[PDB]
């Protein structure tokens, strides 16, 4: 290890492929290259599912299972349930004083999410405010490295800003996190959309059976205009190729089909058939690992409970420093 790295997910359901290439395999490797913390954004998940609390509770354990099956080792990663670290809420309140409503209003990502949900001015306060809640997550765990989708840059930058303003006003005891850009941009949905999500129903979950994964690939959007094999096709906008580009290890092999497909002797079926196995291959182990844990549920609970303790420990240490730096009565 070396730097402290904070990553996480909003527990709203099983993890899928987009996550995988999105980060899961990234943290799998940074798992021994540093101190990795994985936050099950229990609380942030409510700024959206405040009306479906049952849903969240159920998915904390489910995502943790996903995490383990994906290759994360209990011995090298601290899994933390946000709600069980009240210290984060404390720090969020303090942070709220360091940013203006107008600045929160110009966050491009939150503005897009807001328009998509049709909230309008009727945006729940908790949601409108989740970016600073995230900054608190980062700062409380002392994270210096935060993998970030292109999409989550505004938030990351807001965190540095707030940390910076906090150190100047009070005392310099918080670290400015630095970003870890990724290569594969947000993996698209089977739909052909930009985002894969259980909500959009265009996802291949990490728990899906060989049968399903194959069925999901076969219904995958490809290329209209390309009606029959013979015909020439084009890779731009074709999810299968941007799937191979993120799950297929032999690029020479990839750029291969990319030739033939532009030509006309590579039927979308053959492209699919291939890719379906490139996925079964990347998934095969994950499936077996899941069964093991599924049979040792006690161990998943362990992973969550032990890590949450460890992490609260860390949050508690930072808050002590934050409370004294702020000159709060008593310390």
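Numbering follows the first chain given and starts at 1.
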265-273 set against 37-45, stretch whose average Cα temperature factor tops the other in the entry: 265-273
Entry-level comparison of average CA B-factors, 63-71 and 276-284, reporting the higher stretch: 276-284
From 257, 175, 80, 125, residue of greatest CA B-factor: 257
Per the PDB entry, maximal CA B factor within 226, 165, 103, 111: 226
Lowest, middle or highest third - CA B-factor, residue 86: lowest
Chain third (lowest, middle, highest) by recorded CA B-factor, residue given as residue 132: lowest
Entry-reported Cα temperature factor of residue 217, expressed as the chain third it lands in: middle
Modelled-residue ranking by C-alpha temperature factor, third containing residue 252: highest
Residue 232, C-alpha B-factor rank within chain (lowest, middle or highest third): highest
